[PDB]
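> Take a look at this one; I'll ask things after.
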Amino acid sequence: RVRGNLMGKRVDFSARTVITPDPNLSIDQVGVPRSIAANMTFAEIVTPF
Amino acid sequence: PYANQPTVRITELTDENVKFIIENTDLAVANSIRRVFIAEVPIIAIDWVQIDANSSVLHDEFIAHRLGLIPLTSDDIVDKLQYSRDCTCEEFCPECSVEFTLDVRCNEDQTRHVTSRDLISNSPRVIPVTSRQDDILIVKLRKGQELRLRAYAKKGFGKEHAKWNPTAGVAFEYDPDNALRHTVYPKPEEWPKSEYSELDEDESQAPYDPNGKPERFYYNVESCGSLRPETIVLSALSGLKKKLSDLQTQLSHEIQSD
Amino acid sequence: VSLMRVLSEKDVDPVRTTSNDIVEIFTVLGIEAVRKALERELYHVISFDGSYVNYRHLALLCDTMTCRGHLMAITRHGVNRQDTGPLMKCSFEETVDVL
Amino acid sequence: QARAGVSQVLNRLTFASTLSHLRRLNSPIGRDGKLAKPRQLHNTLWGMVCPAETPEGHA
Amino acid sequence: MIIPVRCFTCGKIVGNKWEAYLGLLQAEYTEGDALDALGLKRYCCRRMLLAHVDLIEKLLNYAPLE
Amino acid sequence: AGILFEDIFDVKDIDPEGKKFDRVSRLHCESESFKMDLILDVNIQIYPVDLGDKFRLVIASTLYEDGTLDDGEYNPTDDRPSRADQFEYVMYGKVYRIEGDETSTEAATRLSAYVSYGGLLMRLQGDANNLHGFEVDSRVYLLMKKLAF
Amino acid sequence: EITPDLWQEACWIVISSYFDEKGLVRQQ
Amino acid sequence: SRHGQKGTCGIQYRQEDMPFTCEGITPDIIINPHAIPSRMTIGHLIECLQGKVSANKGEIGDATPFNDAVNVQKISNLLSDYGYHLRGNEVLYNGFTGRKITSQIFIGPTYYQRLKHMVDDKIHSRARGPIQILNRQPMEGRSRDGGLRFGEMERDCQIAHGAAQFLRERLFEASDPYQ
Amino acid sequence: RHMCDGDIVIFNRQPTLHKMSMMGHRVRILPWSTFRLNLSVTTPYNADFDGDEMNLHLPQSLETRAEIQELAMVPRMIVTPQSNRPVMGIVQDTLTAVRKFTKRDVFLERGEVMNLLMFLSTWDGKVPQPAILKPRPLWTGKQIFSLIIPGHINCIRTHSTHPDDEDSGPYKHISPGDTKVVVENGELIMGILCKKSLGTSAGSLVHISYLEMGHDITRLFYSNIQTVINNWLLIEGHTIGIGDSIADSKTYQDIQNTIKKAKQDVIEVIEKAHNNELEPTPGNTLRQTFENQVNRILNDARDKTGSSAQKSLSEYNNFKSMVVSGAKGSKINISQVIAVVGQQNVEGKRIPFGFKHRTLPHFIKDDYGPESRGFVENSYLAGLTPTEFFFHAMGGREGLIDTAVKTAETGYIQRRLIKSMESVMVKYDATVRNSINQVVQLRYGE
Amino acid sequence: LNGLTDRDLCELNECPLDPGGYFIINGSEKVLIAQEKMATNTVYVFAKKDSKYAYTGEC
Amino acid sequence: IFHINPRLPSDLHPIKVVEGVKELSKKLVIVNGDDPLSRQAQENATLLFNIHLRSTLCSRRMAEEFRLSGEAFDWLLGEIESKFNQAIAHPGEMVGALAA
Amino acid sequence: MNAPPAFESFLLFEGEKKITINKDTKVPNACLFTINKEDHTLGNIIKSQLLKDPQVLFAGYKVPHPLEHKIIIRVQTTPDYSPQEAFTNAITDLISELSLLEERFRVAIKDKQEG
Amino acid sequence: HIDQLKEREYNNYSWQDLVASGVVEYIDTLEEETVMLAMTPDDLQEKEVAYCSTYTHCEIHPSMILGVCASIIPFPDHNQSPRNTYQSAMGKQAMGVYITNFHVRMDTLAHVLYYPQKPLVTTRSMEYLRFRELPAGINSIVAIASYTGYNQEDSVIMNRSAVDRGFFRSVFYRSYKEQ
Ligand SMILES: [Zn+2]
Ligand SMILES: [Zn+2]
């Protein structure tokens, strides 16, 4: 429990793929494919904005 | 601030390739024609295959793929058809497509070469290239195997799929002797002479010519059968001139509306 | 290695005669000498191949090893005998023997 | 308590993996072995065992 | 498995040359003199016919019926 | 004006240590009147210079005769009459150093203005009077022209 | 009579005869 | 490749865009020069050089290992009889601007392989799927629709960042929250 | 909602070994199905684009998003605290092309300058004055790379080939071979850029940019270099080939002579020892002084022939251009491809007597010579003899064995260390304590 | 499928290039990997230094 | 930044250097406090940096070698302390995880 | 599965404009034309045609990403000449030249064929 | 023996006659320690300054020390040895026609290539491994260049138009059972 389940869990909102280069992306940008973006989500509060 | 006056000189014209020389033009205009030969020249190619019975040893998509790569003589049709996505019809039209039909059953004992002789068209002018030299083998059937399908040819260009690419190979070249030193040889004599080199067998490259631009671009456009090699050209010039006219119309709308 | 019978020999520098053996130094020289010796060893085996690690990070490791007055190994017998609290020791090793 | 993997599923992925799976030898020495001398190419495997085809994992 | 229709690199139709090329090799032509009697100049197009291995002849041995 | 310098030089040695690059060579000229050294790197491909050639080298601070001191940006469409119209090789650089034989007490007699022309260096090592208008970090032109005598 | 420097053609005839007779999986 | 040079497709250009020689031979595959010098697979270049002779002669080259008859001066002398540079270089043109590339590029036919590790059998994503039964944490495996493992090494790298909220979200709130 | 453009993710290659293996990135979505990432970032991750896979965690709250954005974003992680030098440098194809772009003889005309400026994001719309105005306006390599360099940095580095005896002689501030990089006011004045000045070393130019300007200005620096240089290399081109592995047939003679003198030298050592005249070195047995003399002779042969191979390399060589820029390879890779491969050791010794008193059955009993114990004397261009193919494989198996034991033996050191030190931290007391609040150091790092 | 010619391997839906050498066990092809071991019946004098013994004549 | 021209004689009183470095050694505080125990340790923790600071910002090097003007010297001192104060270890920083 | 359909390189979506002018603010008299669903075929001829205009002080084009089908053309002219009319005149004469090249290729064909 | 052996399969002369006639021998590893083996026959059994002059065996071909996946590398002697090991491993993932009756097998997981080619430069011992009958790969026009930037760290750039024409197109078969 303590090492396989308490110090390291499996998490939701993860992805995994093969990396390939893109010299046209800035150094702090990642290019994600479209299905991986359309799968994982971000809960965003509603505001009059 | 203005245009240039290119001149053309066909050196060889057969029914399979054209060699011409264009003089007095920019390298960008001469290379952008080269790209229009390869992508944007319309041509007819099978693009919709409905397979009714396939019992060959090849797939279902292996047949359809090998059928898209069969070149069909588009020559005066291809400029009368419409693109499929622009025909105001439902389920292909004689005015935007050409219908084909293959029906083969091997009944005899020897194997059957399904070749492109078996593709029967409904227009007499868009046929696979069989007119006047064997035929493109599609499958080989055994005793009892068969293939019935009907297919449709529509208009397109080599920018969507390579199947709509009218050329075997375009051989562009300029400045055969390294007069501009656009390429820099580490040992200039290990290099064979160009075909067009106006140079003796003594000297290796032309002496450096400091103020000078490329002209005299040498082309060698080779057809795959579908269009005639001088129609590939006359159509790439018109296809480029039409991309530019459309851009200009959309530009004048953007300008007047700002 | 003897290091105590050698330092006492004459014509032997009893100032610079070091020992490569941090358990020999500890019983001879002290715990504050083990800290200097341990870091010289640790820096020899790191800069041997030409690379460089900041000094902060070697002082901190040699300080935790020698912070309670004896030589605390970085094994289950060194860091589990430290009084850190059982939920932290059950995460390194032994996991139930300590619980 | 037995040996394991003495009998594996044949690899039909390309003909050259079938053919090499059928001619494969196995030294039974366990893994979690920090020794090297059984993993070194001995002079004496000359002409018997291929000196280039080995797995690059822990085996 | 079966001769490709076009040369992958070039675009040139090589689908109609496998029978002609096996017939010329049966005649007596050497393999380099068969490839240009067919009209294949670029070495891109010439490896389509040299390197091709014809498996459909082996796959046709597995008759479904008769 | 703005003529920081002006003289006649003549190529005394061309790339001496061996040719390190291919379109650039070191010219080790010497002067004729003020008796100065020069170490120049020229684009030996669009302006070839051979030994024993003599050229007039005018290091200027601006190009317009009235000395109106342009900005340092390139604008080709310009009517104003320049000094570059009577020269054949014009460069544009930035003096990056001024060494000298100063001592701790008395001044210096021999200066050396090192200017750098986009990467192509130069050193005008003379005496401390002809090297006056040169101060470090200032934009300067080259303006040389071969004398066919 | 001996075989000299005509030997790469002959080194591979005995290899081909070996592999006709014994396949590759004969040891199984 | 047949020499230990693995690696993935990085982008694909049409034909109008690949660089091309003085006839329209565009490459099929363009590999990087930096793969060669540290790995010292010279056999790759010799094969790319002999494949060009073989496709020009019209018959299949021989690359048996220890062979004394083949070397590179001999292949090079043959290649220059078909009118190529004897070392395999050619003069390519840019496909985008049309201008010659000032270096001569080393082009010729090499036998590539296609390994079974395609990407569309590895791409994998999760956002609140199924859950194990004993410890109600996401399942494992791509086919089970599992979640990736945020193991311990990934937790030390988050302590060192001093990121306590991302750490307790990855280890509590996106894994197995309970009360 | 779905993850969209601009989100913050955290991105991670798997043997997570230091802090710079979980940096955070901004999301940009693209067509095909792979995670695509810039190339300088491959150095911290240790990534490689030959089938590597990286994970991507998505923070799920405003409070975790903001924390990642302020603590782990990628331009915040440029300088490592482990060795106080950048972790990201310019490292392939771009490093090779920048060494060629900043050589002294690179001149560009207005059509290529105006095209390379289109890939500068920090450009202000003013074309600099060309370095050559007549007879034709030409710009320079350095003059365009000065527009990339941000701010007004000042640094001085030395190129890779800088001869050591130049800073003594004359021509110190005007260098014949254009080594000695000098940036002043954020302008390259002199010098050729290589890994010694744009790589990941303490004090390189990408380090000075970080200590001087932000992490944000340095973020645009790394990106502009690769976008201008990768576009010029469509003009210049880079390759490698067979021609780059050949010597010059006088070099082949020089090498064959060195190698034959060396095989001859070891024969006399063998004679001396066979007649009992090789007297032992004081500190070694006989078989160790013998093996030492032999390995000295053979290592000298390899070094001499390798150096005489490099001196023969032209400037247009393509091995040399990836070695001098430091992009890939070393002087010992040129030497083994061109000159000689060298001596194949297993466990530090020469190839051992695996059969009875000989190394293979081809040799004869008690053969200490160079060929009979593993000294490969061909190059990879000539190919290896059959026996030395085998010895080269016996040698090359050691590296594959040690890689596979290394991976598992060091991963356990790092785990024992973190468990022993994880809760030591810097208190607001500014003292370094642990979980029991016992003081470890009174100030961090003293 | 033994000594059987090549038409007949194809009439049974098989390939004549199959090598053989594997078992079908519940419709899986299984291979037996060859295991090495020490030669029997042979005297080997080793020397374990990590014990009380100078030498050891195993057999 | 201030265009020094090390060829002209400078206007930087040799004593403004001596006293500006004295006032800057005060603003680099590591161990805060007026206690003797705390002044001792503030003096120890910044001992090598203070030696370096006092050996490159001499009165003699600043006049025979760097030739700083007065205004450039004020900019310089404000810059040195503003960088030093950024180098201090942040509290909260998990240094044992970095050392490992 | 994440493969974009191949007609996406030339077909305009619904809402996308072909071309889009944006005044640039860093320098006076500079614009940025953003063409959608175009590539180096059309972007290179226009730039090289604009460099023939003597009143054009800067012309260039870039393709920001190759997986995306959009080019940007930045033009800067002299103050008596807007870049709107530089770009227009660079097309009008590029058209006139391609039309003339077509006429000449056509007569050279019909003279080569029996002649 | 060479002539009789060339006329095998026309009558009935074979390898067993070479063994029975006393020409080749099966030597093994404990006996190989007292042979004095020559590597090639002419060249090691000629007359110079003597190396041994008491040879007792001679090797058939030296390249018969390589195994099955290592014997398809062309010029393995020009490669650094770890590269030959990586290809021995990556040659077993190469997709290709894995067997000829593949339409009858109901394997889990089969991959076959549409258009596999024979290598243009082969070794001589990949004849027996029957590799030219069931090949796994395509001879493609590689071009070692560094073009756009996309092929930069073990990455490659493919031709889109080549792929449109069927280049390395493959097919993947998965079988499901149920009773
Ligand atoms: Zn219709
Ligand atoms: Zn072709």
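Letters A, B, ... go to the chains of the structure tokens in the order shown; residues in each chain start at 1; ligands are counted from 1 in the same order.
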Excluding residue 142 in chain I and any residue of its chain fewer than 2 positions from it, enumerate the residues within 12 Å of it, using only C-alpha atoms, and give them as a PDB file with N, CA and C atoms, in the first residue's frame.

```pdb
ATOM      1  N   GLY F  93      31.463  49.913 -40.240  1.00  0.00           N
ATOM      2  CA  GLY F  93      31.867  49.122 -39.116  1.00  0.00           C
ATOM      3  C   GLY F  93      31.752  49.853 -37.823  1.00  0.00           C
ATOM      4  N   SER F 116      35.854  46.958 -36.732  1.00  0.00           N
ATOM      5  CA  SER F 116      35.338  45.662 -37.148  1.00  0.00           C
ATOM      6  C   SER F 116      34.133  45.851 -38.041  1.00  0.00           C
ATOM      7  N   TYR F 117      34.187  45.346 -39.263  1.00  0.00           N
ATOM      8  CA  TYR F 117      33.225  45.683 -40.310  1.00  0.00           C
ATOM      9  C   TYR F 117      32.162  44.621 -40.492  1.00  0.00           C
ATOM     10  N   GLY F 118      31.368  44.415 -39.475  1.00  0.00           N
ATOM     11  CA  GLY F 118      30.458  43.330 -39.546  1.00  0.00           C
ATOM     12  C   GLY F 118      31.097  42.003 -39.357  1.00  0.00           C
ATOM     13  N   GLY F 119      32.318  41.948 -38.915  1.00  0.00           N
ATOM     14  CA  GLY F 119      32.907  40.681 -38.651  1.00  0.00           C
ATOM     15  C   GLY F 119      34.289  40.643 -39.219  1.00  0.00           C
ATOM     16  N   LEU F 120      34.519  41.488 -40.220  1.00  0.00           N
ATOM     17  CA  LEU F 120      35.770  41.603 -40.961  1.00  0.00           C
ATOM     18  C   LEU F 120      36.623  42.701 -40.358  1.00  0.00           C
TER      19      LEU F 120
ATOM     20  N   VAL I  98      25.032  27.331 -36.878  1.00  0.00           N
ATOM     21  CA  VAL I  98      25.450  28.630 -36.403  1.00  0.00           C
ATOM     22  C   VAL I  98      26.944  28.733 -36.410  1.00  0.00           C
ATOM     23  N   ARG I  99      27.659  27.635 -36.300  1.00  0.00           N
ATOM     24  CA  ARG I  99      29.088  27.769 -36.461  1.00  0.00           C
ATOM     25  C   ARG I  99      29.466  28.129 -37.872  1.00  0.00           C
ATOM     26  N   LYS I 100      28.702  27.714 -38.856  1.00  0.00           N
ATOM     27  CA  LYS I 100      28.974  28.070 -40.231  1.00  0.00           C
ATOM     28  C   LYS I 100      28.412  29.392 -40.604  1.00  0.00           C
ATOM     29  N   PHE I 101      27.471  29.891 -39.867  1.00  0.00           N
ATOM     30  CA  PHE I 101      26.852  31.142 -40.198  1.00  0.00           C
ATOM     31  C   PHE I 101      27.643  32.264 -39.637  1.00  0.00           C
ATOM     32  N   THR I 102      28.370  32.038 -38.575  1.00  0.00           N
ATOM     33  CA  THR I 102      29.167  33.112 -38.038  1.00  0.00           C
ATOM     34  C   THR I 102      30.601  33.025 -38.438  1.00  0.00           C
ATOM     35  N   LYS I 103      30.941  32.329 -39.492  1.00  0.00           N
ATOM     36  CA  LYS I 103      32.306  32.374 -39.958  1.00  0.00           C
ATOM     37  C   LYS I 103      32.458  33.695 -40.663  1.00  0.00           C
ATOM     38  N   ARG I 104      33.672  34.076 -41.014  1.00  0.00           N
ATOM     39  CA  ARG I 104      33.925  35.454 -41.378  1.00  0.00           C
ATOM     40  C   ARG I 104      33.438  35.762 -42.760  1.00  0.00           C
ATOM     41  N   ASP I 105      33.397  34.759 -43.607  1.00  0.00           N
ATOM     42  CA  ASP I 105      33.101  34.881 -45.014  1.00  0.00           C
ATOM     43  C   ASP I 105      31.693  34.503 -45.377  1.00  0.00           C
ATOM     44  N   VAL I 106      30.713  34.757 -44.540  1.00  0.00           N
ATOM     45  CA  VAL I 106      29.327  34.518 -44.874  1.00  0.00           C
ATOM     46  C   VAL I 106      28.658  35.832 -45.157  1.00  0.00           C
ATOM     47  N   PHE I 107      28.210  36.047 -46.385  1.00  0.00           N
ATOM     48  CA  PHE I 107      27.650  37.310 -46.824  1.00  0.00           C
ATOM     49  C   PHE I 107      26.320  37.009 -47.460  1.00  0.00           C
ATOM     50  N   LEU I 108      25.324  37.825 -47.188  1.00  0.00           N
ATOM     51  CA  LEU I 108      23.952  37.631 -47.588  1.00  0.00           C
ATOM     52  C   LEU I 108      23.454  38.865 -48.295  1.00  0.00           C
ATOM     53  N   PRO I 128      19.382  46.729 -40.684  1.00  0.00           N
ATOM     54  CA  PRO I 128      20.646  47.352 -40.351  1.00  0.00           C
ATOM     55  C   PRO I 128      21.382  47.773 -41.602  1.00  0.00           C
ATOM     56  N   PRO I 130      24.249  47.493 -44.220  1.00  0.00           N
ATOM     57  CA  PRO I 130      25.012  46.329 -44.598  1.00  0.00           C
ATOM     58  C   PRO I 130      26.462  46.522 -44.291  1.00  0.00           C
ATOM     59  N   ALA I 131      27.139  45.430 -44.069  1.00  0.00           N
ATOM     60  CA  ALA I 131      28.532  45.557 -43.764  1.00  0.00           C
ATOM     61  C   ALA I 131      29.333  45.953 -44.962  1.00  0.00           C
ATOM     62  N   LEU I 138      25.929  43.772 -49.108  1.00  0.00           N
ATOM     63  CA  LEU I 138      26.011  42.455 -48.541  1.00  0.00           C
ATOM     64  C   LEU I 138      25.995  42.568 -47.044  1.00  0.00           C
ATOM     65  N   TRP I 139      25.217  41.754 -46.391  1.00  0.00           N
ATOM     66  CA  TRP I 139      25.190  41.702 -44.949  1.00  0.00           C
ATOM     67  C   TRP I 139      26.086  40.577 -44.502  1.00  0.00           C
ATOM     68  N   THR I 140      26.181  40.287 -43.233  1.00  0.00           N
ATOM     69  CA  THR I 140      27.166  39.319 -42.806  1.00  0.00           C
ATOM     70  C   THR I 140      26.489  38.295 -41.921  1.00  0.00           C
ATOM     71  N   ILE I 144      23.742  39.755 -38.812  1.00  0.00           N
ATOM     72  CA  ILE I 144      22.384  39.287 -38.591  1.00  0.00           C
ATOM     73  C   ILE I 144      22.262  38.563 -37.272  1.00  0.00           C
ATOM     74  N   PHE I 145      23.257  37.823 -36.873  1.00  0.00           N
ATOM     75  CA  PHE I 145      23.159  37.229 -35.568  1.00  0.00           C
ATOM     76  C   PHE I 145      23.269  38.224 -34.455  1.00  0.00           C
ATOM     77  N   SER I 146      23.609  39.453 -34.720  1.00  0.00           N
ATOM     78  CA  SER I 146      23.611  40.449 -33.672  1.00  0.00           C
ATOM     79  C   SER I 146      22.235  40.951 -33.388  1.00  0.00           C
ATOM     80  N   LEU I 147      21.310  40.698 -34.275  1.00  0.00           N
ATOM     81  CA  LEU I 147      19.958  41.145 -34.050  1.00  0.00           C
ATOM     82  C   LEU I 147      19.222  40.171 -33.183  1.00  0.00           C
ATOM     83  N   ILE I 148      19.718  38.961 -33.100  1.00  0.00           N
ATOM     84  CA  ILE I 148      19.127  37.940 -32.280  1.00  0.00           C
ATOM     85  C   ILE I 148      19.471  38.154 -30.842  1.00  0.00           C
ATOM     86  N   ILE I 149      20.728  38.430 -30.560  1.00  0.00           N
ATOM     87  CA  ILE I 149      21.248  38.604 -29.219  1.00  0.00           C
ATOM     88  C   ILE I 149      20.467  39.696 -28.518  1.00  0.00           C
ATOM     89  N   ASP I 178      39.565  33.824 -36.656  1.00  0.00           N
ATOM     90  CA  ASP I 178      38.275  34.213 -36.126  1.00  0.00           C
ATOM     91  C   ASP I 178      37.834  33.342 -34.978  1.00  0.00           C
ATOM     92  N   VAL I 181      35.358  34.776 -29.558  1.00  0.00           N
ATOM     93  CA  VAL I 181      34.074  35.444 -29.618  1.00  0.00           C
ATOM     94  C   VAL I 181      34.057  36.607 -28.655  1.00  0.00           C
ATOM     95  N   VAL I 182      33.566  37.742 -29.103  1.00  0.00           N
ATOM     96  CA  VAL I 182      33.433  38.928 -28.293  1.00  0.00           C
ATOM     97  C   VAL I 182      32.091  39.521 -28.597  1.00  0.00           C
ATOM     98  N   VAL I 183      31.196  39.546 -27.625  1.00  0.00           N
ATOM     99  CA  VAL I 183      29.931  40.243 -27.737  1.00  0.00           C
ATOM    100  C   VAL I 183      30.038  41.505 -26.919  1.00  0.00           C
ATOM    101  N   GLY I 186      25.616  43.600 -26.932  1.00  0.00           N
ATOM    102  CA  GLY I 186      24.702  42.722 -27.596  1.00  0.00           C
ATOM    103  C   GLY I 186      24.901  42.661 -29.068  1.00  0.00           C
ATOM    104  N   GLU I 187      26.142  42.596 -29.515  1.00  0.00           N
ATOM    105  CA  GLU I 187      26.540  42.611 -30.903  1.00  0.00           C
ATOM    106  C   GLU I 187      27.717  41.703 -31.052  1.00  0.00           C
ATOM    107  N   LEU I 188      27.668  40.797 -31.990  1.00  0.00           N
ATOM    108  CA  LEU I 188      28.823  39.979 -32.239  1.00  0.00           C
ATOM    109  C   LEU I 188      29.805  40.778 -33.056  1.00  0.00           C
ATOM    110  N   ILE I 189      30.983  40.960 -32.511  1.00  0.00           N
ATOM    111  CA  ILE I 189      31.999  41.800 -33.085  1.00  0.00           C
ATOM    112  C   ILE I 189      32.922  40.860 -33.804  1.00  0.00           C
ATOM    113  N   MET I 190      33.389  39.872 -33.117  1.00  0.00           N
ATOM    114  CA  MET I 190      34.332  38.940 -33.613  1.00  0.00           C
ATOM    115  C   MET I 190      33.803  37.580 -33.304  1.00  0.00           C
ATOM    116  N   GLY I 191      34.432  36.563 -33.824  1.00  0.00           N
ATOM    117  CA  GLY I 191      34.305  35.241 -33.266  1.00  0.00           C
ATOM    118  C   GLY I 191      33.242  34.387 -33.880  1.00  0.00           C
ATOM    119  N   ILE I 192      33.410  33.099 -33.680  1.00  0.00           N
ATOM    120  CA  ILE I 192      32.590  32.061 -34.265  1.00  0.00           C
ATOM    121  C   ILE I 192      31.923  31.322 -33.132  1.00  0.00           C
ATOM    122  N   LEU I 193      30.624  31.096 -33.236  1.00  0.00           N
ATOM    123  CA  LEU I 193      29.886  30.506 -32.136  1.00  0.00           C
ATOM    124  C   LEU I 193      29.837  29.000 -32.231  1.00  0.00           C
ATOM    125  N   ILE I 229      18.365  30.388 -37.913  1.00  0.00           N
ATOM    126  CA  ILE I 229      19.379  29.503 -38.435  1.00  0.00           C
ATOM    127  C   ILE I 229      18.795  28.338 -39.166  1.00  0.00           C
TER     128      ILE I 229
END
```
> Considering only C-alpha atoms, return as a ChimeraX atom specification whatever protein or nucleic-acid residues lie within 9 Å of residue 24 in chain K, sequence-local ones (same chain, fewer than 6 positions apart) excluded.
/K:77-78,80-81
> Please compute the CA of residue 239 in chain I-CA of residue 15 in chain F distance, one decimal, in Å.
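Calculated distance between CA of residue 239 in chain I and CA of residue 15 in chain F is 29.6 Å.
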> Grab the CA of residue 193 in chain B to CA of residue 177 in chain B distance for me, in Å with one decimal place.
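According to the coordinates, CA of residue 193 in chain B and CA of residue 177 in chain B are separated by 8.1 Å.
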> Residues of chain F no more than 10 Å from chain B, counting only C-alpha atoms: send them over as a ChimeraX atom specification.
/F:45-47
> Name each residue within 9 Å of ligand 1, counting only C-alpha atoms and all ligand atoms, as a PyMOL selection string.
chain B and resi 81-97
> Sorted by chain and rising residue number, which residues of chain B lie within 12 Å of ligand 2, and what are their closest atom pairs and distances in Å to one decimal, counting only C-alpha atoms and all ligand atoms, as a tab-separated table?

```
residue	atom	partner	partner_atom_place_in_ligand_line	distance
B:167	CA	ligand 2	1 (Zn)	10.5
B:168	CA	ligand 2	1 (Zn)	7.0
B:169	CA	ligand 2	1 (Zn)	7.5
B:170	CA	ligand 2	1 (Zn)	11.0
B:222	CA	ligand 2	1 (Zn)	11.2
B:224	CA	ligand 2	1 (Zn)	10.8
```
> Go ahead and dump the residues you just picked, N, CA and C atoms, as a compact mmCIF listing (two decimals), in the first residue's frame.

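To be explicit, this is the file written out as part16.txt:
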```txt
# COMPACT_ATOMS: atom_id res chain seq x y z
N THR B 167 2.48 14.21 -63.82
CA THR B 167 3.85 14.15 -64.31
C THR B 167 4.58 12.92 -63.82
N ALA B 168 5.49 12.42 -64.64
CA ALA B 168 6.47 11.45 -64.18
C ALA B 168 7.58 12.14 -63.43
N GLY B 169 8.35 12.97 -64.09
CA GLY B 169 9.30 13.78 -63.35
C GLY B 169 9.65 15.09 -64.00
N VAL B 170 9.59 16.19 -63.27
CA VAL B 170 9.98 17.49 -63.79
C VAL B 170 11.45 17.73 -63.50
N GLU B 222 7.79 15.55 -67.97
CA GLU B 222 7.45 14.27 -68.52
C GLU B 222 6.11 13.79 -68.01
N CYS B 224 2.69 11.34 -67.46
CA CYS B 224 2.42 9.96 -67.08
C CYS B 224 1.40 9.31 -67.99
```
> Find the residues of chain J in contact range of chain G, meaning any atom within 8 Å when counting only C-alpha atoms, and list them as a ChimeraX atom specification.
/J:19-21
> Could you tell me how far CA of residue 33 in chain F lies from CA of residue 169 in chain I, in Å and to one decimal?
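If I compute the distance from CA of residue 33 in chain F to CA of residue 169 in chain I, I get 27.9 Å.
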> Residues near range 24-41 of chain A, anyone? I mean within 9 Å using only C-alpha atoms, not counting same-chain ones fewer than 2 positions away, as an MDAnalysis selection string.
(chainID A and resid 12:16 21:22 43) or (chainID H and resid 123:128) or (chainID I and resid 1:4 6 9 11 23:41 58 60 73:75 219:220 222:224 226:227) or (chainID L and resid 1:2 64:66) or (chainID M and resid 149)
> With the cut-off set at 6 Å and counting only C-alpha atoms, tabulate each residue of chain D with an atom at most that distance from an atom of chain M, showing the nearest atom pair and its distance in Å to one decimal, ordered by chain and increasing number, as JSON lines.

```
{"residue": "D:13", "atom": "CA", "partner": "M:98", "partner_atom": "CA", "distance": 5.7}
{"residue": "D:14", "atom": "CA", "partner": "M:98", "partner_atom": "CA", "distance": 4.1}
{"residue": "D:15", "atom": "CA", "partner": "M:98", "partner_atom": "CA", "distance": 4.9}
{"residue": "D:17", "atom": "CA", "partner": "M:92", "partner_atom": "CA", "distance": 4.8}
{"residue": "D:20", "atom": "CA", "partner": "M:68", "partner_atom": "CA", "distance": 5.9}
{"residue": "D:47", "atom": "CA", "partner": "M:65", "partner_atom": "CA", "distance": 4.3}
{"residue": "D:50", "atom": "CA", "partner": "M:66", "partner_atom": "CA", "distance": 4.7}
{"residue": "D:52", "atom": "CA", "partner": "M:85", "partner_atom": "CA", "distance": 4.9}
{"residue": "D:53", "atom": "CA", "partner": "M:88", "partner_atom": "CA", "distance": 5.2}
```
> Got a sec to pull out which chain L residues are within 9 Å of chain I, counting only C-alpha atoms, and send them as a list in words?
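Residues of chain L within 9 Å of chain I, counting only C-alpha atoms: residues 1, 2, 3, 4, 26, 27, 30, 48, 51, 58, 59, 60, 61, 62, 64, 67, 68, 73 and 74 of chain L.
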